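Protein chains in written order, with our numbering: chain A, 206 to 253; chain B, 4 to 370; chain C, 4 to 370; chain D, 483 to 668; chain E, 290 to 338. Heads up: the structure comes next, in structure tokens.
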Amino acid sequence: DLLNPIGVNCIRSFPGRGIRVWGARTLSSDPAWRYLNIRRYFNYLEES
Amino acid sequence: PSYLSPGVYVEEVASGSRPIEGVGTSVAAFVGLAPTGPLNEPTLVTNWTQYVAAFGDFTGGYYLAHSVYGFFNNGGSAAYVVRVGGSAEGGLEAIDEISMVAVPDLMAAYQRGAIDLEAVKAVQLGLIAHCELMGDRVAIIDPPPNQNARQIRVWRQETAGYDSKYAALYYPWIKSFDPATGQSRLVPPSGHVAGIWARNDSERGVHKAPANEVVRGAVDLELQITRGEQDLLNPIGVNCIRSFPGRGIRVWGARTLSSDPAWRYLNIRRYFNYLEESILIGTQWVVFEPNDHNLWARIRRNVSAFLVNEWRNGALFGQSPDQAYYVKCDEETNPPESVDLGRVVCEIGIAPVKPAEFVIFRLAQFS
Amino acid sequence: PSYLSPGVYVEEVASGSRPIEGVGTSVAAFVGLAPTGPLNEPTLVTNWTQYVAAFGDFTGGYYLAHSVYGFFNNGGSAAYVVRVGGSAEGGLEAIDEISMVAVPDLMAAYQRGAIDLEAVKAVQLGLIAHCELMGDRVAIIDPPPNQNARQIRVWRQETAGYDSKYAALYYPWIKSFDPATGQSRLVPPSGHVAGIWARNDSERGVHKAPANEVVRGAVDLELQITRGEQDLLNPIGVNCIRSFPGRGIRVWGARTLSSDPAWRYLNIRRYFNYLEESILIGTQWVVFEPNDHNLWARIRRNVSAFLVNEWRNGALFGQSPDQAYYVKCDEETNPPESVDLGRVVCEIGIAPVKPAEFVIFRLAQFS
Amino acid sequence: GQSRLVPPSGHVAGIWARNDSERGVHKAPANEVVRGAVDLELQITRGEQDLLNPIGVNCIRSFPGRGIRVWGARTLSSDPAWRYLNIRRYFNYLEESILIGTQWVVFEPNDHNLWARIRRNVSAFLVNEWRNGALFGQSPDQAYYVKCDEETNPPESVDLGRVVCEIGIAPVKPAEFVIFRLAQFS
Amino acid sequence: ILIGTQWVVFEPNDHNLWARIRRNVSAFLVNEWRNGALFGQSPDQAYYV
């Protein structure tokens with residue numbers, strides 16, 4: 206909860222599910238491009 | 004709530020039902036003198052065997068044992084006992100469940116010790132003041148032993164006005180048996196009326212006035228009252244114990260000491276005390292709340308449910324729920340200036356029921 | 004504000020609501036003599052156990068213990084105690100919450116010490132002057148013990164004119180019980196009236212005149228007043244304690260010592276003191292302000308909200324808010340010459356309510 | 483293994499954190515149980531509390547049947563505008579959020595499109611805050627108001643490059659005194 | 290009337306008190322009239338408070 210507000214993702218160990226990615230964020234102060242999937246989809250659309 | 008990390012959060016919304024329960028009103032506290040036992044301790048008794056094992060039984064000729072036996076004879080459930088003193092030759096403010104207080108053995112000191120009338124008047128006034136301060140208990144009073152008509156009516160008005168709306172006075176004394184000597188002797192009617200009240204509260208609801216009940220356990224009265232004498236004592240708060248030819252000894256009058264016509268009857272006061280106690284006990288969760296219209300809706304729902312449950316037992320006068328009660332809590336009674344200081348009103352109004360005292364027929368002849 | 008560098012600035016505009024709250028008027032300060040305890044220290048007591056642990060209880064035959072017991076018997080909340088002296092054989096100006104002051108044990112020195120009448124008159128005049136200087140407290144006065152009609156009416160006019168509009172005198176003494184000797188004896192009515200005032204202020208609003216209240220613990224009076232004698236004492240600021248056949252001992256008259264007809268009644272003075280204290284406490288933020296019409300609008304809004312909240316409880320005489328109060332703060336009452344010196348007026352006018360003393364019916368016969 | 487007296491410093495902070503976690507920050511921590519304690523070495527009656535309530539002194543009260551609980555939820559402020567703690571906490575939260583999430587607006591062409599965007603963003607944030615019950619009002623129109631137009635942005639003001647965006651909200655206050663009537667009517 | 294009115298003394302003296310007094314007197318007079326002790330076909334013609 207201290208690292209989530211900043212663009213720092215995590216790799217977390219869960220007791221029963223193992224090692225998993227967690228957070229799926231990027232380094233951007235602008236709230237328009239907070240998430241990675243939006244940027245990837247926009248890049249795909251622009252290239253096409 | 005605060006959301007800062009991904010995951011699954013489970014929370015419970017406070018919106019629901021919070022029922023309010025009643026309280027038991029069948030506990031009495033007797034203060035008196037006993038031969039042996041704990042001193043200045045409010046002991047709890049629930050059966051004669053406990054009283055016999057603790058404070059003895061019928062050896063000093065005191066009025067505490069007779070009163071306790073009469074209270075348990077009329078269907079009592081639980082009692083508190085305070086022993087001021089005695090021979091072998093109180094802190095009632097710390098208790099909560101007590102509903103009535105009595106001092107059965109007080110005229111004994113007046114009869115032999117010659118403690119004058121000023122001391123008795125001061126003790127009774129102090130008991131009345133304590134009852135008024137507590138706001139939950141009702142006092143039972145008895146007059147001096149040897150009086151008749153045209154005397155008690157004086158003693159009530161020129162010497163013992165009392166009023167205070169928190170008392171009930173029972174005039175005639177009761178002659179009862181004593182197995183220690185196996186003889187009949189006179190005792191004040193202190194525990195018997197408490198037992199009758201407990202029996203009425205157990206068999207029926209607290210809204211029923213204990214007006215017609217048989218004083219089980221007595222034998223005589225040493226006094227007789229006609230219709231005219233009762234008609235002279237009825238306007239003032241003096242009840243009676245009447246002998247009927249075919250029905251025996253019965254209570255009669257069911258009134259209290261109050262000049263104000265608002266609290267003439269005992270059952271209204273008892274029901275109001277019960278409602279106030281229940282509301283005070285089952286509402287404390289409302290303090291320190293966001294104070295929005297949701298809180299008003301919840302309070303209205305809870306009060307309406309409680310009042311509907313009370314009305315469905317026949318304790319309120321009305322053919323429909325709309326004519327029996329009304330609860331108001333909205334923006335009309337909560338202006339922004341009032342809610343600025345953090346206040347909730349929740350106006351409540353009920354319509355009680357009153358006992359039927361005079362029954363009149365006509366028996367007319369018509370074509 | 005000053006803007007010199009690029010960025011984001013967050014500021015709060017003072018425009019809003021600033022509610023004004025009331026003050027507690029149920030604190031009394033008793034000055035007297037006690038056997039043992041702290042000396043010349045205004046101790047705070049809130050229950051008899053504290054008084055018993057600090058200043059003892061019923062051992063020197065003084066009037067402080069009786070007054071404190073009577074005050075706590077009539078529903079008192081918190082008290083201040085000052086002990087001038089005593090045997091085992093005040094700085095009230097530093098306190099703020101005190102609402103009334105009494106000196107219950109003063110006639111004791113007059114009865115045995117032979118301190119003459121000049122000393123008593125000087126002490127009472129000093130207390131009156133202190134009450135007037137403070138401008139927040141009300142004094143309770145009692146007369147010398149052994150007097151009757153045609154004497155007190157002299158003692159009030161040729162010796163103890165007093166007036167000053169900041170006092171209330173209670174004529175008859177009260178006979179009360181003492182458990183140390185278990186005997187009845189006479190005491191002045193000093194703490195009982197304070198307890199009655201506190202009870203009236205707690206149960207109902209401060210605008211209700213304590214005219215019909217029962218003195219708890221009152222046994223006898225050692226004097227009887229007819230209608231004519233009361234009609235001779237009513238025009239002057241002498242209240243009474245009357246015995247009614249069926250209602251007991253009750254207060255009667257609810258008046259004060261003031262020749263000016265503007266402050267005849269006690270409730271008006273109490274309400275004005277409450278309003279003045281509330282306004283003085285909850286207004287200090289207005290000093291050193293830009294003094295524009297926005298400030299006038301804010302002050303008018305706050306005062307109007309407070310007055311509306313006060314009126315909605317039924318403490319002001321009027322069917323509509325327009326007929327109950329009026330607040331004026333505009334350019335008509337604030338000329339440029341006045342605002343040059345930096346002054347604000349904010350004229351306020353209210354219409355109080357007065358108690359109903361004489362009730363008259365007609366009972367006419369008409370066709 | 484012994485009992486000893488300590489000041490109430492960390493317990494109140496823990497209670498504040500618990501209240502902020504379970505419920506929103508707008509709820510006043512007025513009725514919470516001090517887990518971990520045992521005694522108080524002092525007792526307060528109603529009158530003493532009534533003497534301490536007008537001043538900014540809170541209390542920890544023992545109730546016969548409910549135990550040790552916080553009581554009063556007030557602060558040290560003579561000004562009647564900030565009497566309660568929850569108002570101050572909510573205002574701090576709002577100010578911090580606004581300061582953090584607005585920096586993109588600086589150095590913009592400063593046309594009516596920017597005003598529309600700012601108004602839309604602030605209105606969305608305020609609606610989201612209000613839908614959780616943290617603002618007093620039956621309708622969104624009675625809960626908040628945001629003004630950013632040509633009325634509050636004259637050409638003289640926009641000459642220097644200034645944006646105002648007046649914002650006004652209506653907070654909620656805790657209910658301290660609960661009063662019933664219990665009247666008798668026909 | 291003398292016996293059952295003493296509670297009215299020392300009251301705030303507002304229109305609520307007037308309404309209460311009028312209601313009480315009207316109820317008493319209606320109860321008295323319904324027994325046939327007053328001359329009138331309607332309550333309006335029997336009394337006025």
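Positions of the beta carbon are idealized from the N, C-alpha and C atoms, including for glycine.
- With a threshold of 8 Å between beta carbons, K168 of chain B makes no contact with chain C.
- Considered as a whole, the segment 85 to 119 of chain B harbours 103 to 105 as its complete beta strand (DSSP E) runs of no fewer than 3 residues, in chain order.
- Around the beta-carbon of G78 of chain C, 16 or more other beta-carbon atoms lie within 10 Å, marking it buried.
- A316 of chain E: member of the alpha helix (DSSP H) spanning 304 to 322, first to last residue.
- Per the coordinates, the alpha-carbon of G256 of chain C lies some 6 Å from the alpha-carbon of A214 of chain C.
- Burial state of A97 of chain B is exposed, judged by a 10 Å Cβ sphere holding fewer than 16 other Cβ atoms.
- For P264 of chain B, the chain E residues whose C-beta falls within less than 7 Å of its own C-beta are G293, listed in chain order.
- By the criterion of a C-beta distance shorter than 6 Å, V34 of chain B is surrounded in its chain by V85, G93, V106, once the five residues flanking it on both sides are discounted.
- Counted as a single uninterrupted DSSP element, the alpha helix (DSSP H) harbouring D343 of chain C occupies residues 339 to 343.
- Of B:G10, B:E92, B:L236, B:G138, the smallest CA-CA separation from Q160 of chain B is found for B:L236.
- Residue environment for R365 of chain B: exposed (fewer than 16 other C-beta atoms within 10 angstroms of its C-beta).
- In the three-state scheme derived from DSSP, where H, G and I count as helix and E and B as strand, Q666 of chain D is classed as strand.
- For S307 of chain C, the CB contacts under 7 Å within the same chain, skipping 5 residues up- and downstream, are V330 in chain order.
- Of all residues in the segment 576 to 605 of chain D, only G583, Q585, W586 come within less than 8 Å of chain A when Cβ atoms are compared, listed by chain position.
- For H69 of chain C, the closest Cβ of chain E is not nearer than 8 Å.
- The segment 128 to 139 of chain C makes contact with the segment 156 to 173 of chain C, as at least three CB pairs between them are under 8 Å.
- At a cut-off of 8 Å, the C-beta of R159 of chain B has no neighbouring C-beta in chain D.
- In the three-state DSSP reduction, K178 of chain B falls in the strand class (E or B).
- According to the DSSP assignment, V55 of chain C belongs to the alpha helix (DSSP H) that extends over 51 to 58.
- Following the DSSP letters along the chain, one finds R644 of chain D in no beta strand (DSSP E), marked with neither H nor E.
- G223 of chain A is outside the set of residues whose beta carbon lies under 8 Å from a beta carbon in chain B.
- Neighbourhood of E350 of chain B in chain D, by CB distance below 7 Å: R663, in chain order.
- Collapsing the DSSP output to three states places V330 of chain B in a strand.
- The criterion of a C-beta distance shorter than 8 Å is satisfied by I353 of chain B and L319 of chain B.
- The continuous alpha helix (DSSP H) containing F75 of chain C extends over residues 66 to 76.
- Under the Cβ distance rule, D631 of chain D does not count among the residues neighbouring chain C, no pair being separated by less than 8 Å.
- Boundaries of the beta strand (DSSP E) around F33 of chain B: 30 to 35.
- In this structure, DSSP gives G650 of chain D an extended state, which the three-state scheme calls strand.
- Take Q227 of chain C, set aside five residues on each side of it, and the residues of its chain with a beta-carbon closer than 8 Å to its own are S246, in chain order.
- As a beta-bridge residue in DSSP terms, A142 of chain B pairs with B:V104, B:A170.
- Around the CB of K124 of chain C, fewer than 16 other CB atoms lie within 10 Å, so the residue is classed as exposed.
- Around the CB of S179 of chain B, 16 or more other CB atoms lie within 10 Å, so the residue is classed as buried.
- The beta carbon of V209 of chain B is closer than 7 Å to those of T28, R273, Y274, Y277 in its chain, skipping five residues each way along the sequence.
- For the 8 Å CB-CB criterion, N294 of chain B and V342 of chain B form a contact.
- Here the segment 199 to 206 of chain C does not lie against the segment 298 to 314 of chain C, with fewer than 3 beta-carbon pairs under 8 Å apart.
- Taking the beta carbon of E504 of chain D as reference, the chain B residues within 8 Å of it are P4, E14, listed in sequence order.
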